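In: Build me a model:
(2 chains, ligands or ions: 6)
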Protein chains: 2
Amino acid sequence: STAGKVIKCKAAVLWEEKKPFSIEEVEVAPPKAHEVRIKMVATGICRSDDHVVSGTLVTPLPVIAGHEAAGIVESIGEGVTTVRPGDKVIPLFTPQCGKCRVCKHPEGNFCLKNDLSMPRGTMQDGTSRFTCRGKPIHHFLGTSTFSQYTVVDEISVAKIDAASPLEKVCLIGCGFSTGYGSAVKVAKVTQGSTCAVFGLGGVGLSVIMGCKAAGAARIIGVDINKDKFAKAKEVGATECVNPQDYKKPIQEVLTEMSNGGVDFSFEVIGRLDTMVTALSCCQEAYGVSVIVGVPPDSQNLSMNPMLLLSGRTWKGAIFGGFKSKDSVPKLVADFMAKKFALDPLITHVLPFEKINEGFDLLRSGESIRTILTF
Amino acid sequence: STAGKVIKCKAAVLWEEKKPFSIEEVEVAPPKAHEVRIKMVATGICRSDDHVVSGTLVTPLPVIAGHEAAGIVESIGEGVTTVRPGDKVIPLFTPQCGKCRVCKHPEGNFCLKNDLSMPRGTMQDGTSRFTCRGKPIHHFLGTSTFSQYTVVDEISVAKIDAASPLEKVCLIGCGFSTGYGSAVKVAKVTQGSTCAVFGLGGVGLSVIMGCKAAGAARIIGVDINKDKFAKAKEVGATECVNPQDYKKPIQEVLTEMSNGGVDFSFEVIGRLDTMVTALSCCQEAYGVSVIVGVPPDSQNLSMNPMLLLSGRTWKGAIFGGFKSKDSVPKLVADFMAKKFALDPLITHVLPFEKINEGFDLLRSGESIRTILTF
Ligand SMILES: NC(=O)c1ccc[n+]([C@@H]2O[C@H](COP(=O)([O-])OP(=O)(O)OC[C@H]3O[C@@H](n4cnc5c(N)ncnc54)[C@H](O)[C@@H]3O)[C@@H](O)[C@H]2O)c1
Ligand SMILES: NC(=O)c1ccc[n+]([C@@H]2O[C@H](COP(=O)([O-])OP(=O)(O)OC[C@H]3O[C@@H](n4cnc5c(N)ncnc54)[C@H](O)[C@@H]3O)[C@@H](O)[C@H]2O)c1
Ligand SMILES: [Zn+2]
Ligand SMILES: [Zn+2]
Ligand SMILES: [Zn+2]
Ligand SMILES: [Zn+2]
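Out: Numbers count the residues shown, from 1 in each chain, chains lettered A, B, ... in the order given. Ligands and ions are numbered 1, 2, ... in the order given. You can find the structure just below:
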């Protein structure tokens, strides 16, 4: 049995920026009080994990990346009461400590114990659980799911339904809940509205799903990769525009199409220019624009504040505004009751050992979500 | 008597940027169909009128500026049904045509027939009702109240109570309703919150009045002119802070004071640096920042979109988010019912002839609102 001992297993270590992941053996220490050690069953490849490789999202290296996943609890550290060995679980990259100012606010979800605004790459106690070649390896956002086993703090894990298909509900760990919640909880899309969605990857297709569920009358998908359009129409887009087809700037096209501006726009790419374009194409007196894409580290955008003075609302959010530990169980239960589908988002399923191939699929624009199996 | 005839009267004409207002004799043509000619009784000096003089707010020159005012209907053109000669009225710089998409929308108020986004400086039909020295003079936001008589379109005028003190309720034409609605209607301040208000002029003090009326527990006024602090506390500020007293950025000071950031912040000055500072000092996961101040024409601010990604909401609004023709009669009725005070905002009452003296009071920081009486 493994409880109490170091597990040696394989993990994908990123030793340096802009390098392939190196699949190698690491040592995963046992859990300390209030930590949980998890055997990974499936993990999705989110564009935020590629942001680490490219240096767009800065976190300490070497690191085991990965954050959108599902597995089974192998052991719990002392004091853990919310999961038991054998539970199916989803690691939470946004924690819910339940005690801070944000967790006690009815609307906020960006818990102050997060490791995303000032990343240390450690557990909540400042140390690591991973050693590879004798060197300590950093954690990524308290999850690190590109490993056969990982250790997370209790505030970063949610127990889910024991009948859950883990190779599908891992997308509730990030991509799906983020896109769905950006439409129904953050922007609060109204019945009958026109929505525009910039970027049709896994999280953008989930935003179209949330707008369709809120009853939007028109949903315009925007992407420069026209191969994404058939899938966009399938999950709800009423029409799709490729910015490269036009000689005039896309916010002009979108304003003429929606007869002076859309009600709701979403930026789901992570570029500074498209964030300003997404704001501009919503109606100037009552439009709402939501930023979902992760921008490059430390770079500033430039915009004209009259865009907001006329009455526009601009907002952003992490994880679709959901308090993670409260919501993830209820979102898996709704999946189970067939309230939404995850299957349109999964285009490829690969063994973990093919992780580099999975990332090339994302980078070439051939996949929406690739699930890696252990 | 004057109905149907051209009236020659005095008006303050602004012939060029950065010059004094010239008191001249102008001729005011009679009301055409659906227009109304008003005898001015009292008009306030708002900082947006000083923005036309400095070139901050670009509008066609020469112009008769002035937009915050109350008067009496002298004659009405063919087809007017909403007022009659002898009615007390407040001109509306934001019209309510009742027919465009914004007017039909339950929440927007920036009617598409406004002359503020791309100022032509004319009546709704493209012509002017003013002549001075044989030259046509432009209108300002369909109001032009620095004149003994003015002509407005019917969609830019509200009939108010016959017992109104016109020298007091002209503030509802702009400063008061803007600051008050920015708090209770645009930001929707909640009972128990902490608010921070950048700028303690007439509009900034009306924001403090809305925050207090909405139940804020703490209202931090911020101004570099410490002489405004007494009146700020008189209308509701719990504390005032002057940026120059500190050795560290005021965003750090205000985040320390509020234990991590305020709930609602308001920029009521019109500067690109304080708009970004007001956004940064509200709590990162659920704070709301409202831009009220008019920024300098054509200038861009620079900000890091991670300030929004964590959960903040950034919004702006014209005239406090109120549908003008619907709301102004109702706010006068509430003023009559003693529901709010206007007297704390009026610090100087001058004859119309001393208009430049009133502008120098504002620019030196000695007045809050000066009312010019005719
Ligand atoms: N806010 C959050 O909590 C959160 C959570 C998950 C993902 N993200 C971020 O959301 C963004 C999308 O993630 P994803 O996994 O769906 O990514 P993805 O790479 O699968 O999709 C990005 C899409 O944007 C398109 N695109 C690129 N440039 C474009 C352009 N200039 N104009 C129009 N379309 C363009 C691409 O073709 C692609 O279809 C990323 O920045 C990711 O980091 C944020
Ligand atoms: N959104 C709207 O519909 C609307 C309506 C009315 C007025 N406005 C705009 O609101 C702004 C305020 O109007 P007002 O008439 O109350 O103006 P005001 O001049 O009376 O008040 C401005 C205040 O800001 C202070 N100030 C200047 N620089 C500052 C800084 N660096 N830091 C802190 N405080 C500073 C001044 O001391 C002054 O007390 C103006 O830009 C005006 O054009 C907008
Ligand atoms: Zn992700
Ligand atoms: Zn918390
Ligand atoms: Zn004004
Ligand atoms: Zn209208």
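In: Could you report the separation of residue A:323 from residue A:19?
Out: Per Cβ to Cβ, to the nearest Å, residue A:323 is found 36 Å from residue A:19. Where C-beta positions appear, they are placed from N, C-alpha and C, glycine not excepted.
In: ok, which stretches of chain A are helices?
Out: Using DSSP state H, the helices of chain A run over A:47-54, A:166-169, A:175-181, A:202-213, A:229-235, A:250-257, A:272-280, A:306-309, A:324-336, A:355-364.
In: Tabulate those helices in TSV, adding columns for distance to residue B:204 and mean neighbour count.
Out: Formatted as TSV, these follow (distance: least, Cβ to Cβ, whole Å; neighbours: other Cβ atoms under 10 Å in any protein chain shown):
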stretch	distance to residue B:204	mean neighbour count
helix A:47-54	41	20
helix A:166-169	50	21
helix A:175-181	35	27
helix A:202-213	38	27
helix A:229-235	46	17
helix A:250-257	33	18
helix A:272-280	26	22
helix A:306-309	16	20
helix A:324-336	38	19
helix A:355-364	49	17
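In: right, and the ones you listed - which one's nearest ligand 3?
Out: Set against ligand 3 and scored by Cβ to the ion, those come closest in helix A:47-54, at 4.1 Å.
In: For residue A:13, give me its contacts.
Out: Residue A:13 sits next to A:21-22, A:24, A:26, A:62-64, A:132, A:137 when contact means Cβ atoms under 8 Å, 6 or more residues apart in numbering or on different chains.
In: count of neighbours near residue A:244?
Out: Using other Cβ atoms under 10 Å in any protein chain shown, residue A:244 has 9 neighbouring residues.
In: can you pull the alpha-carbon coordinates of stretch A:309-326 into CSV?
Out: What follows is stretch A:309-326, C-alpha atoms only, in CSV (Å, rounded to 0.1, in the frame of the first residue of the first chain):
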residue,chain,number,x,y,z
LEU,A,309,-18.6,57.0,-19.9
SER,A,310,-21.5,56.5,-22.3
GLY,A,311,-22.7,53.6,-20.1
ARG,A,312,-20.8,50.4,-21.0
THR,A,313,-19.9,47.9,-18.3
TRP,A,314,-16.4,46.1,-18.5
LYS,A,315,-15.6,43.2,-16.2
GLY,A,316,-13.4,40.1,-16.0
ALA,A,317,-13.5,36.9,-13.9
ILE,A,318,-11.6,33.8,-13.0
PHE,A,319,-13.4,30.4,-13.3
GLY,A,320,-16.7,31.8,-14.6
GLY,A,321,-17.4,33.6,-11.2
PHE,A,322,-18.1,30.3,-9.5
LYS,A,323,-17.1,29.7,-5.8
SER,A,324,-15.2,26.6,-6.8
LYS,A,325,-15.8,24.1,-3.9
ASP,A,326,-19.6,25.0,-3.7
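In: Go through it and flag the buried ones.
Out: For stretch A:309-326, burial by neighbour count (16 or more other Cβ atoms under 10 Å in any protein chain shown) applies to A:309-325.
In: Report whether it contacts ligand 6.
Out: No. Stretch A:309-326 is not in contact with ligand 6 by Cβ under 5 Å from the ion; minimum separation 12.8 Å.
In: Is that stretch in proximity to chain B?
Out: Yes. Shown here: stretch A:309-326 in contact with chain B (Cβ under 8 Å from any Cβ of the partner chain) through A:309-318, A:321.
In: From residue A:269, how far out is the closest residue to ligand 1 within the stretch 151-300 of chain A?
Out: Per Cβ to the nearest ligand atom, residue A:201 is where the stretch 151-300 of chain A lies closest to ligand 1, at 2.1 Å. Going from residue A:201 to residue A:269 by Cβ to Cβ gives 8 Å.
In: Find the closest residue to ligand 6 in chain A.
Out: Closest point on chain A to ligand 6, by Cβ to the ion, is residue A:285, at 9.5 Å.
In: contacting residues for that residue?
Out: By Cβ under 8 Å, 6+ apart, the contact set of residue A:285 is A:310-312, B:102, B:105, B:108-110.
In: From those residues, pick the one nearest residue B:11.
Out: Distance to residue B:11, by Cβ to Cβ, is smallest for residue B:110 among these, at 27.5 Å.
In: My guess is that closest one contacts residue B:316. True?
Out: No. Counting by Cβ atoms under 8 Å, residue B:110 does not reach residue B:316; the two are 10.1 Å apart.
In: Common neighbours of the two, please.
Out: With Cβ under 8 Å, 6+ apart, residue B:110 and residue B:316 have common neighbours A:310-311.
In: How about residue A:180: what's its closest non-neighbour residue?
Out: residue A:210 (4.1 Å; Cβ to Cβ, 6 or more residues apart in numbering or on different chains).
In: isn't the one you found right up against residue A:186?
Out: No. With contact defined as Cβ under 8 Å, residue A:210 does not count as touching residue A:186 (9.3 Å).
In: which neighbours do the two share?
Out: residue A:320.
In: Could you identify the longest strand within chain A?
Out: In chain A, with assignment by DSSP state E, the single longest strand is strand A:35-44.
In: Partner strands of that strand, with direction?
Out: The sheet places strand A:35-44 alongside strand A:69-76 (antiparallel), strand A:149-153 (antiparallel), strand A:369-373 (antiparallel), with pairing taken from DSSP bridges.
In: To residue A:181, which of those lies closest?
Out: With Cβ to Cβ as the criterion, residue A:181 lies closest to strand A:369-373 of these, at 16.9 Å.
In: Please give the centre-to-centre distance between the closest one and its chain.
Out: Taking the mean of its C-alpha atoms, strand A:369-373 sits 14 Å from the chain's own mean (Cα atoms, centre = their mean, to the nearest Å).
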